[PDB]
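**Q** upload22.txt is reproduced in full below (compact mmCIF, C-alpha atoms and all ligand atoms).
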```
# COMPACT_ATOMS: atom_id res chain seq x y z
CA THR A 1 44.37 -36.03 -9.21
CA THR A 2 44.26 -34.51 -5.70
CA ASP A 3 46.73 -31.71 -4.98
CA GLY A 4 49.88 -32.79 -3.22
CA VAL A 5 53.29 -34.42 -3.55
CA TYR A 6 53.64 -37.73 -5.43
CA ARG A 7 56.33 -40.34 -5.95
CA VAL A 8 57.29 -41.18 -9.55
CA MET A 9 57.77 -44.97 -9.77
CA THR A 10 58.76 -47.51 -12.37
CA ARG A 11 58.52 -51.28 -12.44
CA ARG A 12 60.73 -51.78 -15.51
CA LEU A 13 63.58 -52.63 -13.12
CA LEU A 14 63.88 -55.08 -10.25
CA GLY A 15 60.84 -54.63 -8.00
CA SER A 16 59.40 -51.11 -7.84
CA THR A 17 61.84 -48.22 -8.07
CA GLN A 18 61.34 -44.55 -7.24
CA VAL A 19 62.86 -42.41 -10.00
CA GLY A 20 61.62 -39.10 -8.62
CA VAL A 21 58.89 -36.94 -7.13
CA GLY A 22 56.52 -34.25 -8.29
CA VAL A 23 53.80 -31.75 -7.44
CA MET A 24 50.12 -31.92 -8.40
CA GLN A 25 48.58 -28.43 -8.36
CA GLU A 26 45.59 -27.05 -10.27
CA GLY A 27 45.25 -30.32 -12.19
CA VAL A 28 48.83 -30.20 -13.52
CA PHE A 29 51.65 -32.52 -12.50
CA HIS A 30 55.07 -30.88 -12.24
CA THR A 31 58.42 -32.69 -12.08
CA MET A 32 62.00 -32.45 -13.33
CA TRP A 33 62.67 -33.42 -16.95
CA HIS A 34 65.50 -35.79 -16.00
CA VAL A 35 63.07 -37.85 -13.89
CA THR A 36 60.67 -38.82 -16.71
CA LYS A 37 62.60 -37.78 -19.86
CA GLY A 38 59.21 -36.48 -20.99
CA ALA A 39 57.48 -39.87 -21.03
CA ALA A 40 53.80 -40.37 -20.34
CA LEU A 41 52.78 -41.31 -16.80
CA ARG A 42 50.15 -43.58 -15.28
CA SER A 43 47.98 -42.46 -12.35
CA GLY A 44 45.75 -45.33 -11.35
CA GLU A 45 43.89 -46.38 -14.49
CA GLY A 46 44.34 -42.92 -16.03
CA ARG A 47 47.08 -41.47 -18.21
CA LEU A 48 48.94 -38.17 -17.85
CA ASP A 49 50.42 -36.87 -21.06
CA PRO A 50 53.26 -34.34 -21.22
CA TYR A 51 52.22 -30.78 -22.01
CA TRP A 52 55.31 -28.59 -21.69
CA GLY A 53 58.94 -29.26 -21.00
CA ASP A 54 62.47 -27.94 -21.40
CA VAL A 55 65.73 -29.85 -20.96
CA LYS A 56 67.77 -26.75 -20.11
CA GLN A 57 65.44 -25.71 -17.29
CA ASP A 58 65.14 -29.43 -16.44
CA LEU A 59 61.36 -29.18 -15.97
CA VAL A 60 58.22 -30.82 -17.38
CA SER A 61 54.49 -30.41 -16.79
CA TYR A 62 51.66 -32.85 -17.50
CA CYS A 63 47.98 -32.16 -18.35
CA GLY A 64 48.47 -28.40 -18.62
CA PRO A 65 50.97 -25.57 -18.43
CA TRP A 66 53.39 -24.98 -15.58
CA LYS A 67 51.39 -23.54 -12.66
CA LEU A 68 54.00 -22.90 -9.94
CA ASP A 69 55.07 -19.27 -9.80
CA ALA A 70 56.17 -18.49 -6.23
CA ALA A 71 59.79 -17.39 -5.83
CA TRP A 72 62.29 -17.41 -2.98
CA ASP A 73 62.40 -13.98 -1.33
CA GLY A 74 66.21 -14.16 -1.06
CA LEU A 75 66.13 -13.63 2.72
CA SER A 76 64.02 -16.23 4.54
CA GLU A 77 64.40 -19.88 5.41
CA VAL A 78 62.57 -22.42 3.24
CA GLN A 79 61.57 -26.06 3.62
CA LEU A 80 62.44 -28.98 1.41
CA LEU A 81 59.55 -31.48 1.46
CA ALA A 82 61.83 -34.44 0.82
CA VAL A 83 60.10 -37.62 -0.37
CA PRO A 84 63.02 -40.09 -0.41
CA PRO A 85 62.76 -43.56 -1.97
CA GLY A 86 61.03 -45.95 0.43
CA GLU A 87 60.69 -43.33 3.18
CA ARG A 88 57.99 -41.06 4.56
CA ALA A 89 57.78 -37.45 3.41
CA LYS A 90 59.68 -35.14 5.72
CA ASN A 91 60.15 -31.38 5.92
CA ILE A 92 63.69 -30.00 6.27
CA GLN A 93 64.17 -26.29 6.98
CA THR A 94 67.20 -24.43 5.64
CA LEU A 95 68.46 -20.99 4.63
CA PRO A 96 69.28 -21.27 0.90
CA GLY A 97 72.55 -20.17 -0.56
CA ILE A 98 72.86 -18.71 -4.06
CA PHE A 99 73.91 -19.97 -7.50
CA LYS A 100 75.42 -16.96 -9.32
CA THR A 101 75.21 -17.30 -13.10
CA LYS A 102 75.90 -15.05 -16.07
CA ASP A 103 72.09 -14.81 -16.37
CA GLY A 104 71.36 -13.89 -12.74
CA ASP A 105 71.08 -15.48 -9.31
CA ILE A 106 69.16 -18.63 -8.28
CA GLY A 107 68.49 -19.87 -4.75
CA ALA A 108 70.17 -23.15 -3.82
CA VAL A 109 69.70 -25.63 -0.98
CA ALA A 110 72.68 -27.46 0.53
CA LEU A 111 70.81 -30.69 1.27
CA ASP A 112 71.88 -34.13 -0.04
CA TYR A 113 69.22 -36.77 -0.73
CA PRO A 114 69.22 -39.76 -3.10
CA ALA A 115 68.71 -39.07 -6.80
CA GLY A 116 65.17 -40.53 -6.61
CA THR A 117 64.20 -37.58 -4.41
CA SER A 118 64.46 -35.32 -7.49
CA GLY A 119 61.27 -33.31 -8.01
CA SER A 120 60.58 -32.84 -4.31
CA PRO A 121 59.15 -29.36 -3.71
CA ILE A 122 60.82 -26.51 -1.87
CA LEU A 123 58.35 -24.35 0.03
CA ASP A 124 58.14 -20.84 1.42
CA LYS A 125 56.55 -20.06 4.79
CA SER A 126 53.13 -19.75 3.11
CA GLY A 127 53.37 -23.32 1.83
CA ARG A 128 53.79 -22.17 -1.76
CA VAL A 129 56.13 -24.19 -3.99
CA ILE A 130 59.09 -21.96 -4.90
CA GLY A 131 60.82 -24.63 -6.98
CA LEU A 132 61.80 -28.26 -7.27
CA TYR A 133 64.83 -30.09 -5.85
CA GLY A 134 67.29 -32.18 -7.83
CA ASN A 135 69.28 -30.21 -10.42
CA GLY A 136 72.52 -29.14 -8.86
CA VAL A 137 76.26 -29.44 -8.52
CA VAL A 138 78.93 -31.02 -6.34
CA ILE A 139 81.11 -28.43 -4.65
CA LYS A 140 84.80 -28.50 -3.77
CA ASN A 141 84.39 -30.54 -0.57
CA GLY A 142 82.35 -33.21 -2.38
CA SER A 143 78.89 -32.34 -1.05
CA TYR A 144 75.76 -31.75 -3.14
CA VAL A 145 73.90 -28.44 -3.58
CA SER A 146 70.59 -28.28 -5.47
CA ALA A 147 69.26 -25.28 -7.35
CA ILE A 148 65.77 -24.14 -6.38
CA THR A 149 64.44 -24.74 -9.90
CA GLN A 150 61.26 -22.85 -10.78
CA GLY A 151 59.42 -22.62 -14.10
CA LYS A 152 57.46 -19.82 -15.75
CA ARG A 153 53.67 -19.45 -15.42
CA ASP B 1 56.18 -47.40 -17.86
CA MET B 2 56.09 -44.96 -14.96
CA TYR B 3 53.30 -44.27 -12.48
CA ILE B 4 52.63 -41.84 -9.66
CA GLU B 5 51.62 -42.47 -6.05
CA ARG B 6 50.44 -39.77 -3.64
CA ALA B 7 52.76 -39.18 -0.65
CA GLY B 8 51.22 -36.21 1.16
CA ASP B 9 49.96 -32.65 1.31
CA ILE B 10 52.28 -29.76 0.53
CA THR B 11 52.49 -27.86 3.81
CA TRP B 12 55.02 -26.02 5.94
CA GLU B 13 55.89 -27.90 9.15
CA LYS B 14 56.17 -25.58 12.14
CA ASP B 15 58.81 -27.50 14.08
CA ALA B 16 60.82 -29.01 11.24
CA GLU B 17 64.47 -29.87 11.71
CA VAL B 18 66.81 -27.09 10.56
CA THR B 19 70.05 -27.91 8.77
CA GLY B 20 72.25 -27.09 5.81
CA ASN B 21 74.54 -24.18 5.10
CA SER B 22 74.11 -21.36 2.56
CA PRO B 23 76.89 -21.47 -0.01
CA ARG B 24 77.39 -18.66 -2.54
CA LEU B 25 78.69 -20.32 -5.70
CA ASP B 26 79.57 -19.25 -9.25
CA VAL B 27 77.98 -21.77 -11.62
CA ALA B 28 77.35 -22.27 -15.33
CA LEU B 29 74.31 -23.97 -16.88
CA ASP B 30 74.86 -25.73 -20.19
CA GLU B 31 72.46 -26.55 -23.02
CA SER B 32 71.88 -30.01 -21.50
CA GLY B 33 70.60 -28.48 -18.28
CA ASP B 34 73.69 -29.48 -16.29
CA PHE B 35 75.26 -27.13 -13.75
CA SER B 36 79.01 -26.86 -13.33
CA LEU B 37 81.28 -24.84 -11.06
CA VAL B 38 83.17 -21.92 -12.56
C1 LIG C 1 69.46 -43.18 2.08
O1 LIG C 1 70.42 -42.43 1.38
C2 LIG C 1 70.83 -41.23 1.89
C3 LIG C 1 72.11 -40.71 1.70
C4 LIG C 1 72.40 -39.41 2.08
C5 LIG C 1 71.42 -38.61 2.65
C6 LIG C 1 70.14 -39.12 2.85
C7 LIG C 1 69.84 -40.42 2.47
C8 LIG C 1 68.40 -40.68 2.68
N1 LIG C 1 67.82 -39.41 3.20
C9 LIG C 1 68.96 -38.47 3.46
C1 LIG C 2 70.59 -37.98 -15.41
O1 LIG C 2 70.50 -36.65 -15.89
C2 LIG C 2 70.40 -35.66 -14.95
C3 LIG C 2 70.42 -35.85 -13.57
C4 LIG C 2 70.26 -34.76 -12.72
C5 LIG C 2 70.09 -33.48 -13.23
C6 LIG C 2 70.08 -33.29 -14.61
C7 LIG C 2 70.23 -34.37 -15.47
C8 LIG C 2 70.21 -33.90 -16.89
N1 LIG C 2 70.07 -32.41 -16.84
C9 LIG C 2 69.94 -32.01 -15.40
```
Is it possible to give me this structure as structure tokens?
Ligand SMILES: COc1cccc2c1CNC2
Ligand SMILES: COc1cccc2c1CNC2
**A**
Amino acid sequence: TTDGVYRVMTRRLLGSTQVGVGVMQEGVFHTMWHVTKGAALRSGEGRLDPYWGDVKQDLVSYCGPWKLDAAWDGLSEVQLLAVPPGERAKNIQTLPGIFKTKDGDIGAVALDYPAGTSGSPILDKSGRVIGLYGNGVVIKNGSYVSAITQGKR
Amino acid sequence: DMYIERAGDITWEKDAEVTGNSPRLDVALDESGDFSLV
């Protein structure tokens, strides 16, 4: 239950497979809905049950309500704490671009990691999680851009 | 049946590698939570 970044694994396939990543903060585990599809999770010999989730936001929290409330300032570089399948956690610094939608602007990071990296946190300079990586779009030249997806606290 | 495994602390790294551009994109978000380009 310690704070930090965690891999989301399954053994229902060949060997052990990393389906995503998430953030433990204030006793709540945070990941993207498409990683777990809202299923319960095991942590050691304990169980984490879903508490809140929303397919359109593509987010889910376990054991309590969504706790992450920091937001990109729109100006400064951020860091993706990428936890790729089978690889050590590594920080990647970038200046986000912007997703412009009919409902306002969202920060976006032009960094391409395997699908199992979904749920990795994006951080501001204070180390606060400003959103999660892994819900995005493929742009004209074929490369992948992720929204900085943040919930409501 | 899925399980979680700790991978590290959540901290800013002072001398991280810097990469990626900063695209400004018009996008739409549908009821299924999927983004598309406009
Ligand atoms: C291993 O697959 C790929 C493919 C593209 C980019 C990255 C990886 C792993 N980390 C960055
Ligand atoms: C497999 O489904 C995925 C994968 C990535 C992002 C999203 C979904 C569904 N809504 C957002």
**Q** Between CA of residue 28 (chain B) and CA of residue 111 (chain A), what is the distance in Å, rounded to a tenth?
**A**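 Taking CA of residue 28 (chain B) and CA of residue 111 (chain A), their separation equals 19.7 Å.
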**Q** Excluding region 88-99 of chain A and any residue of its chain fewer than 6 positions from it, enumerate the residues within 7 Å of it, using all atoms listed in the file, and give them as an MDAnalysis selection string.
**A** (chainID A and resid 76:82 105:109) or (chainID B and resid 7 13 16:27)
**Q** If you count all atoms listed in the file, which residues fall within 7 Å of region 129-142 of chain A, apart from same-chain ones fewer than 2 positions away, as a list in words?
**A**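 Here the qualifying residues turn out to be residues 68, 69, 70, 71, 72, 118, 119, 120, 121, 122, 123, 124, 127, 144, 145, 146, 147, 148, 149 and 150 of chain A; 35 and 36 of chain B.
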**Q** Around ligand LIG 1 (chain C), which protein and nucleic acid residues have at least one atom no more than 7 Å from it, if we count only C-alpha atoms and all ligand atoms? List them as a short mmCIF file (atom, residue, chain, number, x, y, z; two decimals) with C-alpha atoms, keeping the file's coordinate frame.
**A**
```cif
data_model
loop_
_atom_site.label_atom_id
_atom_site.label_comp_id
_atom_site.auth_asym_id
_atom_site.auth_seq_id
_atom_site.Cartn_x
_atom_site.Cartn_y
_atom_site.Cartn_z
CA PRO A 84 63.02 -40.09 -0.41
CA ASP A 112 71.88 -34.13 -0.04
CA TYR A 113 69.22 -36.77 -0.73
CA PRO A 114 69.22 -39.76 -3.10
#
```
**Q** Can you tell me, as a PyMOL selection string, what residues are no more than 8 Å from residue 7 (chain A) when counting all atoms listed in the file, ignoring any on the same chain fewer than 6 positions away?
**A** (chain A and resi 18-22+83) or (chain B and resi 4-7)
**Q** Give me a file of those residues, with C-alpha atoms, as an mmCIF file, in the frame of the given file.
**A**
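Contents of the output file again_35.cif:
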```
data_model
loop_
_atom_site.group_PDB
_atom_site.id
_atom_site.type_symbol
_atom_site.label_atom_id
_atom_site.label_comp_id
_atom_site.auth_asym_id
_atom_site.auth_seq_id
_atom_site.Cartn_x
_atom_site.Cartn_y
_atom_site.Cartn_z
ATOM 1 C CA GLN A 18 61.340 -44.550 -7.240
ATOM 2 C CA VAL A 19 62.860 -42.410 -10.000
ATOM 3 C CA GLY A 20 61.620 -39.100 -8.620
ATOM 4 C CA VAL A 21 58.890 -36.940 -7.130
ATOM 5 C CA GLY A 22 56.520 -34.250 -8.290
ATOM 6 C CA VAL A 83 60.100 -37.620 -0.370
ATOM 7 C CA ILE B 4 52.630 -41.840 -9.660
ATOM 8 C CA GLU B 5 51.620 -42.470 -6.050
ATOM 9 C CA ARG B 6 50.440 -39.770 -3.640
ATOM 10 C CA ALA B 7 52.760 -39.180 -0.650
#
```
**Q** Go through chain B and flag each residue having an atom no more than 10 Å from ligand LIG 2 (chain C); for those, report the closest pair of atoms plus their distance in Å to one decimal, using all atoms listed in the file, ordered by chain and rising number, as CSV.
**A**
```
residue,atom,partner,partner_atom,distance
B:29,CA,C:LIG2,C9,9.3
B:30,CA,C:LIG2,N1,8.9
B:31,CA,C:LIG2,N1,8.8
B:32,CA,C:LIG2,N1,5.5
B:33,CA,C:LIG2,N1,4.2
B:34,CA,C:LIG2,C9,4.6
B:35,CA,C:LIG2,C9,7.4
```
**Q** The selected residues should be written to file as a short mmCIF file (atom, residue, chain, number, x, y, z; two decimals), in the coordinates of the input (atoms: C-alpha atoms).
**A**
```
data_model
loop_
_atom_site.label_atom_id
_atom_site.label_comp_id
_atom_site.auth_asym_id
_atom_site.auth_seq_id
_atom_site.Cartn_x
_atom_site.Cartn_y
_atom_site.Cartn_z
CA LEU B 29 74.31 -23.97 -16.88
CA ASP B 30 74.86 -25.73 -20.19
CA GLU B 31 72.46 -26.55 -23.02
CA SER B 32 71.88 -30.01 -21.50
CA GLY B 33 70.60 -28.48 -18.28
CA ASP B 34 73.69 -29.48 -16.29
CA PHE B 35 75.26 -27.13 -13.75
#
```
**Q** Tell me, in Å to one decimal, how far CA of residue 17 (chain A) is from CA of residue 115 (chain A).
**A**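 Value for the CA of residue 17 (chain A)-CA of residue 115 (chain A) distance: 11.5 Å.
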**Q** Measure the distance from CA of residue 65 (chain A) to CA of residue 8 (chain A) in Å and round it to one decimal.
**A**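 Result for CA of residue 65 (chain A) versus CA of residue 8 (chain A): 19.0 Å, one decimal.
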**Q** Out of A:61, A:31, A:10, A:16, which residue has the shortest atom-to-atom distance to chain B when counting only C-alpha atoms?
**A**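 Distance minimum relative to chain B lands on A:10.
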